[PDB]
Amino acid sequence: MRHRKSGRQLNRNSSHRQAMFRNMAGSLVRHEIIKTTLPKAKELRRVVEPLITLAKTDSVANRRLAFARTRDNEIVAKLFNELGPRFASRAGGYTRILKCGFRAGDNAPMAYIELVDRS
Amino acid sequence: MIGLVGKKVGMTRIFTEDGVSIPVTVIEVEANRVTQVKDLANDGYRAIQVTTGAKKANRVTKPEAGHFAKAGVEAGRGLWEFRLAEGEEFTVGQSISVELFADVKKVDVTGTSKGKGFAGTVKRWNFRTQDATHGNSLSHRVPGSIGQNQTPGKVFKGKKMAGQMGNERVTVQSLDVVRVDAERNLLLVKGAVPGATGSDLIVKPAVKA
Amino acid sequence: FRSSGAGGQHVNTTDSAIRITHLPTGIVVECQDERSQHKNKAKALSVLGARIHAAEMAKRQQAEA
Amino acid sequence: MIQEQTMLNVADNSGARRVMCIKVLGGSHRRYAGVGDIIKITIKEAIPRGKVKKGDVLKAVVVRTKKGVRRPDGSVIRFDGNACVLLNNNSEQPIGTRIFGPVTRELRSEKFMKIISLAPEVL
Amino acid sequence: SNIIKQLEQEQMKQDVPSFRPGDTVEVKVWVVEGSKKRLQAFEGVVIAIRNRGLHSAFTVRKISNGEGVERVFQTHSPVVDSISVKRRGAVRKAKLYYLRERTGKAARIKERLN
Amino acid sequence: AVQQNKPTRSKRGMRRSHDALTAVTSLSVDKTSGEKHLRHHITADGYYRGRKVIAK
RNA sequence: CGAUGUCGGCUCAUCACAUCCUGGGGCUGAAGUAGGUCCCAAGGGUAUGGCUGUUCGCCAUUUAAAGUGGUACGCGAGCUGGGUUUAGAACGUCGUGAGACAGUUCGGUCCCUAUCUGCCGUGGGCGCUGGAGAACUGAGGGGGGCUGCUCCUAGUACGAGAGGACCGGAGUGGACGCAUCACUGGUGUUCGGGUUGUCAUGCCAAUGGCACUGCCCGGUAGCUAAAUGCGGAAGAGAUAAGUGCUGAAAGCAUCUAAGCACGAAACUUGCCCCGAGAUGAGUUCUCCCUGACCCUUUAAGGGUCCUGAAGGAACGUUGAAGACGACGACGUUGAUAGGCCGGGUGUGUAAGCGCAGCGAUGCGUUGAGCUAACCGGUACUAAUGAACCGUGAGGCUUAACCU
RNA sequence: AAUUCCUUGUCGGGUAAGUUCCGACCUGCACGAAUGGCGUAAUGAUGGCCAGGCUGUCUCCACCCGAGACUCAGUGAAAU
RNA sequence: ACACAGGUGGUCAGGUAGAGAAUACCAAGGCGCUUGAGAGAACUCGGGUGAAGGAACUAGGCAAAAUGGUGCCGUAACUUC
RNA sequence: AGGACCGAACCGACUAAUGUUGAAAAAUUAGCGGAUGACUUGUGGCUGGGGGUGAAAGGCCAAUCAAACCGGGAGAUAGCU
Ligand SMILES: [Mg+2]
Ligand SMILES: [Mg+2]
Ligand SMILES: [Mg+2]
Ligand SMILES: [Mg+2]
Ligand SMILES: [Mg+2]
Ligand SMILES: [Mg+2]
Ligand SMILES: [Mg+2]
Ligand SMILES: [Mg+2]
Ligand SMILES: [Mg+2]
Ligand SMILES: [Mg+2]
Ligand SMILES: [Mg+2]
Ligand SMILES: [Mg+2]
Ligand SMILES: [Mg+2]
Ligand SMILES: [Mg+2]
Ligand SMILES: [Mg+2]
Ligand SMILES: [Mg+2]
Ligand SMILES: [Mg+2]
Ligand SMILES: [Mg+2]
Ligand SMILES: [Mg+2]
Ligand SMILES: [Mg+2]
Ligand SMILES: [Mg+2]
Ligand SMILES: [Mg+2]
Ligand SMILES: [Mg+2]
Ligand SMILES: [Mg+2]
Ligand SMILES: [Mg+2]
Ligand SMILES: [Mg+2]
Ligand SMILES: [Mg+2]
Ligand SMILES: [Mg+2]
Ligand SMILES: [Mg+2]
Ligand SMILES: [Mg+2]
Ligand SMILES: [Mg+2]
Ligand SMILES: [Mg+2]
Ligand SMILES: [Mg+2]
Ligand SMILES: [Mg+2]
Ligand SMILES: [Mg+2]
Ligand SMILES: [Mg+2]
Ligand SMILES: [Mg+2]
Ligand SMILES: [Mg+2]
Ligand SMILES: [Mg+2]
Ligand SMILES: [Mg+2]
Ligand SMILES: [Mg+2]
Ligand SMILES: [Mg+2]
Ligand SMILES: [Mg+2]
Ligand SMILES: [Mg+2]
Ligand SMILES: [Mg+2]
Ligand SMILES: [Mg+2]
Ligand SMILES: [Mg+2]
Ligand SMILES: [Mg+2]
Ligand SMILES: [Mg+2]
Ligand SMILES: [Mg+2]
Ligand SMILES: [Mg+2]
Ligand SMILES: [Mg+2]
Ligand SMILES: [Mg+2]
Ligand SMILES: [Mg+2]
Ligand SMILES: [Mg+2]
Ligand SMILES: [Mg+2]
Ligand SMILES: [Mg+2]
Ligand SMILES: [Mg+2]
Ligand SMILES: [Mg+2]
Ligand SMILES: [Mg+2]
Ligand SMILES: [Mg+2]
Ligand SMILES: [Mg+2]
Ligand SMILES: [Mg+2]
Ligand SMILES: [Mg+2]
Ligand SMILES: [Mg+2]
Ligand SMILES: [Mg+2]
Ligand SMILES: [Mg+2]
Ligand SMILES: [Mg+2]
Ligand SMILES: [Mg+2]
Ligand SMILES: [Mg+2]
Ligand SMILES: [Mg+2]
Ligand SMILES: [Mg+2]
Ligand SMILES: [Mg+2]
Ligand SMILES: [Mg+2]
Ligand SMILES: [Mg+2]
Ligand SMILES: [Mg+2]
Ligand SMILES: [Mg+2]
Ligand SMILES: [Mg+2]
Ligand SMILES: [Mg+2]
Ligand SMILES: [Mg+2]
Ligand SMILES: [Mg+2]
Ligand SMILES: [Mg+2]
Numbered sequence: 005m006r007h008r009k010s011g012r013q014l015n016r017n018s019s020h021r022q023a024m025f026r027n028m029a030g031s032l033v034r035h036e037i038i039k040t041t042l043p044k045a046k047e048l049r050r051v052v053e054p055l056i057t058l059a060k061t062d063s064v065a066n067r068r069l070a071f072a073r074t075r076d077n078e079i080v081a082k083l084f085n086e087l088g089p090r091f092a093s094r095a096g097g098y099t100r101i102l103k104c105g106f107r108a109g110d111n112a113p114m115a116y117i118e119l120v121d122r123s
Numbered sequence: 021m022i023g024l025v026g027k028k029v030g031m032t033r034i035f036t037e038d039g040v041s042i043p044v045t046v047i048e049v050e051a052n053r054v055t056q057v058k059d060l061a062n063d064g065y066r067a068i069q070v071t072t073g074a075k076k077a078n079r080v081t082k083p084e085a086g087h088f089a090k091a092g093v094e095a096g097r098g099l100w101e102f103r104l105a106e107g108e109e110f111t112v113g114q115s116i117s118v119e120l121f122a123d124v125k126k127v128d129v130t131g132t133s134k135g136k137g138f139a140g141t142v143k144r145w146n147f148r149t150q151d152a153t154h155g156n157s158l159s160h161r162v163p164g165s166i167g168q169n170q171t172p173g174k175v176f177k178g179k180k181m182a183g184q185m186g187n188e189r190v191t192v193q194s195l196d197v198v199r200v201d202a203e204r205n206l207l208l209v210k211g212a213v214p215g216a217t218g219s220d221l222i223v224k225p226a227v228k229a
Numbered sequence: 557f558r559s560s561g562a563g564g565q566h567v568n569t570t571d572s573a574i575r576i577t578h579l580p581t582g583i584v585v586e587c588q589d590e591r592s593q594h595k596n597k598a599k600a601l602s603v604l605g606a607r608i609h610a611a612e613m614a615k616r617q618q619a620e621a
Numbered sequence: 823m824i825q826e827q828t829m830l831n832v833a834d835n836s837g838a839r840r841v842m843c844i845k846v847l848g849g850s851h852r853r854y855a856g857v858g859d860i861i862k863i864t865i866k867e868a869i870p871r872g873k874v875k876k877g878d879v880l881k882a883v884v885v886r887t888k889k890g891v892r893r894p895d896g897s898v899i900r901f902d903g904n905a906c907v908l909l910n911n912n913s914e915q916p917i918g919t920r921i922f923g924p925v926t927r928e929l930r931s932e933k934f935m936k937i938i939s940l941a942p943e944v945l
Numbered sequence: 193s194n195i196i197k198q199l200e201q202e203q204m205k206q207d208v209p210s211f212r213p214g215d216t217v218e219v220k221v222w223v224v225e226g227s228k229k230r231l232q233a234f235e236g237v238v239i240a241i242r243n244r245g246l247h248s249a250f251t252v253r254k255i256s257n258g259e260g261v262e263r264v265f266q267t268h269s270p271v272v273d274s275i276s277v278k279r280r281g282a283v284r285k286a287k288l289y290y291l292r293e294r295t296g297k298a299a300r301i302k303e304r305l306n
Numbered sequence: 425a426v427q428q429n430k431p432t433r434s435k436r437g438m439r440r441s442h443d444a445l446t447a448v449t450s451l452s453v454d455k456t457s458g459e460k461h462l463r464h465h466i467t468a469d470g471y472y473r474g475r476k477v478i479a480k
């Protein structure tokens, strides 16, 4: 029983979600709007939005953490240089879920998760 | 004797001077304002109907809010009803606070206990598991045999089987009340009352003295 | 009690085996030889003869010798 | 928290080094024995000459457990070794006249006044 | 909550000393034997400290009369009269449960001089 | 684990008494492009609550 | 016999009284303690182990007691396969032999996704006569009921002593049940660290991947028990065996025929839970709807334009609620969830730089850094303006009423 | 005793207790000398019993991680 | 019978660790196994951990846990040496 | 030196769990025994049904063996259903 717990399983073992959200946090930063399913987008907010709060203090200690959470330097060079001072005053809520209907392959509830200051 | 509608805030402890950790349950008991007193002539029995807490003005409904504006009372979150005893009267909008429990020594905290979901017989009815090895095939936590061979051609009623466990009303009796903290609207009873944190508890004085 | 050995299914359910506990002398005799306990109670009452008489004729030769 | 088949150390000089709880006395279906609870033992190891002998069946009061005892303020006193002091079958009073190591405050009564008046440190 | 964390900070002690795992602490507890209150001392290595505010505890492992003894004192209990840090130790761990299989020269945790 | 009498087309129709689909309740009208869509989802032209959230 | 699977065990059981304990008695060759035996009584309770495939049994040790039986000598579409009904092999034995043995001995496949009744749960439909939101009364049904030891009365009554009470009260235990996480703990592959092999990030440094979470060591919330709170009752009604009172038929006697009182863990209540589908569909409180017309086959009738209420549903954010529905919280007039901020807690002194050192490393920065579900805050993002469903004064007949 | 029906023979060992086991007794129901007798170091996925180590085997089950179960979408069996 | 966890002889044999063609991670290379999306109930399967006890389980330590490498010291009855 | 020892390829198949309308008309997973020999394997050959072959179990001889399979006598016979 799931009393007071948090964190979707998404039918994946724990070393897969950590290496799926790391690909998905990178691809959300890289493209600034991605289309994924609705549970995989609601759990992406708990991963990407702490990687932008880490980006409000450009230090060598925080470069090495946001590289430990993504393992991609192009994403880290966008978090601290571009997306850091882009969200320099927003108190959380750095990204937006846009529900976009159902997927024609498996009837998954899809969603667009975009960054807020995109367009 | 009536009781008072509390709320389970949580559990902590009260150290005595002697070095006795008393596990108390902080029940906050706000002002229980009566909404409807019932009598033998109109309602067929004697009971008051209290309410507690506050509720949003865009969430109380017009049938439910007209019940309070008759009594001259702010809309609380629920409506409970306490059977009056003999020689015990209250008015239509009287506010009742926790100083009713200031001289009792044992209460009966009735709450709505936790919900364990669909829970099997090893958890629900405390059946024994079957043998986890020595050859057991697919039958480690099952109930096993649920009847007899063709003489009862049926499972009997009230059989202990799997199903819902918890989320039912239960009453824990004769809890020793430790502190009636009427300053900050509290009541501390020694023990473990039903229900999770933030649920409604219906604290009544003990029927078993 | 039930017999303990080979022989199949009539062994398996029916009792057909008898132990007799003679209370004052304590001698027990546990006969399970045939298939019916009538031929198996009488072969265990005829041995409480030869285990009580031949143990009182052998007690009164201890106090004879 | 002593049940059947538990090997217990011996905390006096009656003569045993290792005894085994074979029954937990005091009630039907009774699982466990804390401290101050009488168990029935059998002696599995003895000093080569002494007051008791390998294979005796007698009573013992458990004086130290590894599950420990919880004081009324919630504080627990865990030991390392499950150890007991060998009582008698009839009189039910200890045999060796010198207890070894600490005991607890849950042991003392008019029954075991003779143990806490022989122990080095009564915790 | 808030009411919980107000009934606790009016029953805490205001004079709990600052001890770490490894410190050879020396706790004087009350003992009520018969009908007399005396004050028994208990000195040994702290092997764990469990912080929860009022519900705080600390485990002290000594070697009493040859047999190893642990004792989880509730920190804000009214039966621990005086927590006193005799020796301060140096460990790189938070719960010293490796000291249970060590006795003698192997249970030497060195002194923290800072 | 298997039947003894063929259940009827009465019991089959009664078992399927709850297998009937519930339609969409109402479609929400967007306030800029004016077209209908599911309530709380974006439209099929990229609008949601007036604003254009993504190009087609 | 076009198959009704079989002994013992395990997991569940459930009834019977011819009752093992606990309850109430009579009688005793019952002084007390303990018994003996018989009647009443099924409310609960009613061992763990050694050997054996074992039921049975003996034995060790408990226990208030370790009841006797039914239920396909309960229960294999629940489990086990030691035994027994297979094929291999051997011994003893019988037979010239193939082989045979209620003689023994080693080895030897246990299938089925539940249609129906049944049962445990949980919903959908409509009904309850206008519709709706709540609060209940309780017909009925379930759950629970076990008890030890010690102390006081009292070393009193009894007894020659030895010993040793009834009645009554106070504690504290076992077993079981329910709730719970404050404590002691378990787990905590989502938190922090140590470390091995290797690989990658251009390299050193730092880190990540993978090797059962790589192997470990700690651990938050949660759930949990071994953890700690509570529970069995008291009382009341009518009784069983039993003891009586008054009392005739039967001048006496007699508990019974008229009359009357006592009497037990059983019975009806008391206690907890469900509960108006209780179609016998109940009660109370509140809320809402106060428009016009046609038509004929005149009636509890269809139809039209306007109207759409209280409320509910849907969708969304969701939950200490949950298989799915359900139930609960919230929807901008907003803390429902995530983020954010401050704290807590856990790990235990990050990285970078500086220094001491030939170096591994150590030390200062430093209780540093990171810190999941927790706690207190904050509208930063998502919780949409609507729409959809429900209607528009509620039948008939008598009665007390009404001006 | 792979052989013993009576039998759980009796006595001893081991066990708190040992129908098994080991050692003896011989009263061999019905061992016995190449359808071999008795020994036997080594060997055995061999049969029986015991002990240390070890542990959810168990007292008594708790939690967690994954694949199903459950719900939505697609295809869509079976014994009877 | 299947685009089936089975069966099928030869040949080539890179890196680091390793005694190695074991095993771990990799290179050249080749793939992610032709249903997915949620949910995080019972119960089943495959695993991890566990308080105190440690064979009390049981037909039986079945199954799990445990032991595990090299160097050296040391090594009993018996023995066909 | 060895029907020698430990252990992969390889050959087997001792226990367990799964599976039993399976992934598979005997298999997978964790262990397991042999692994320079009475070994194992490729390609051909040879022995034929009362006959083969058998380190012997009535084993095996094309998912079939106390006498293969296919055609024939044949519509054997059936006091049985
Ligand atoms: Mg949450
Ligand atoms: Mg899936
Ligand atoms: Mg991994
Ligand atoms: Mg829940
Ligand atoms: Mg079991
Ligand atoms: Mg099977
Ligand atoms: Mg299994
Ligand atoms: Mg019937
Ligand atoms: Mg036979
Ligand atoms: Mg019969
Ligand atoms: Mg039929
Ligand atoms: Mg259906
Ligand atoms: Mg038949
Ligand atoms: Mg027939
Ligand atoms: Mg048939
Ligand atoms: Mg009777
Ligand atoms: Mg009597
Ligand atoms: Mg009954
Ligand atoms: Mg009854
Ligand atoms: Mg009753
Ligand atoms: Mg009963
Ligand atoms: Mg044994
Ligand atoms: Mg029966
Ligand atoms: Mg019968
Ligand atoms: Mg049966
Ligand atoms: Mg059976
Ligand atoms: Mg059956
Ligand atoms: Mg059947
Ligand atoms: Mg068998
Ligand atoms: Mg069904
Ligand atoms: Mg319904
Ligand atoms: Mg009832
Ligand atoms: Mg806890
Ligand atoms: Mg907590
Ligand atoms: Mg812990
Ligand atoms: Mg861990
Ligand atoms: Mg915890
Ligand atoms: Mg690495
Ligand atoms: Mg490096
Ligand atoms: Mg890789
Ligand atoms: Mg631990
Ligand atoms: Mg009563
Ligand atoms: Mg009279
Ligand atoms: Mg008279
Ligand atoms: Mg009466
Ligand atoms: Mg009672
Ligand atoms: Mg606010
Ligand atoms: Mg929030
Ligand atoms: Mg801290
Ligand atoms: Mg680091
Ligand atoms: Mg540093
Ligand atoms: Mg420092
Ligand atoms: Mg910290
Ligand atoms: Mg934080
Ligand atoms: Mg919060
Ligand atoms: Mg013979
Ligand atoms: Mg013997
Ligand atoms: Mg045995
Ligand atoms: Mg012998
Ligand atoms: Mg011979
Ligand atoms: Mg011969
Ligand atoms: Mg021979
Ligand atoms: Mg489907
Ligand atoms: Mg395929
Ligand atoms: Mg390999
Ligand atoms: Mg596939
Ligand atoms: Mg699961
Ligand atoms: Mg494990
Ligand atoms: Mg354990
Ligand atoms: Mg342990
Ligand atoms: Mg045993
Ligand atoms: Mg047993
Ligand atoms: Mg094994
Ligand atoms: Mg293993
Ligand atoms: Mg060899
Ligand atoms: Mg294998
Ligand atoms: Mg080998
Ligand atoms: Mg032939
Ligand atoms: Mg064949
Ligand atoms: Mg022939
Ligand atoms: Mg012919
Ligand atoms: Mg024919």
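Protein chains in written order, with my numbering: chain Z, 5 to 123; chain W, 21 to 229; chain E, 557 to 621; chain X, 823 to 945; chain B, 193 to 306; chain V, 425 to 480. Note that CB positions come from ideal geometry on N, CA and C, so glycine has one too.
Three-state class that DSSP yields for residue i in the structure shown
| i | result |
| --- | --- |
| Z:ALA115 | strand |
| X:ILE860 | strand |
| W:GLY155 | coil |
DSSP bridge partner residues for residue i (one or two, in chain order)
| i | result |
| --- | --- |
| X:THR828 | X:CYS843 |
Among the options, nearest to residue i - alpha-carbon criterion
| i | options | result |
| --- | --- | --- |
| Z:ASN77 | Z:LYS39, Z:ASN27, Z:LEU42 | Z:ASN27 |
Answer yes if the stretch 106 to 120 of chain Z comes into contact with the stretch 199 to 208 of chain W, meaning at least three C-beta pairs across the two stretches below 8 Å, and no otherwise.
-> no
Counting pairs of Cβ atoms below 8 Å between the stretch 123 to 140 of chain W and the stretch 179 to 191 of chain W, do you hit three or more?
-> Judged by Cβ distances under 8 Å, the stretch 123 to 140 of chain W makes contact with the stretch 179 to 191 of chain W, as three or more pairs qualify.
Check each residue of the stretch 434 to 455 of chain V: if its Cβ is closer than 8 Å to any Cβ of chain Z, include it; give the result in chain order.
-> Within the stretch 434 to 455 of chain V, no residue has a Cβ that lies closer than 8 Å to any Cβ of chain Z.
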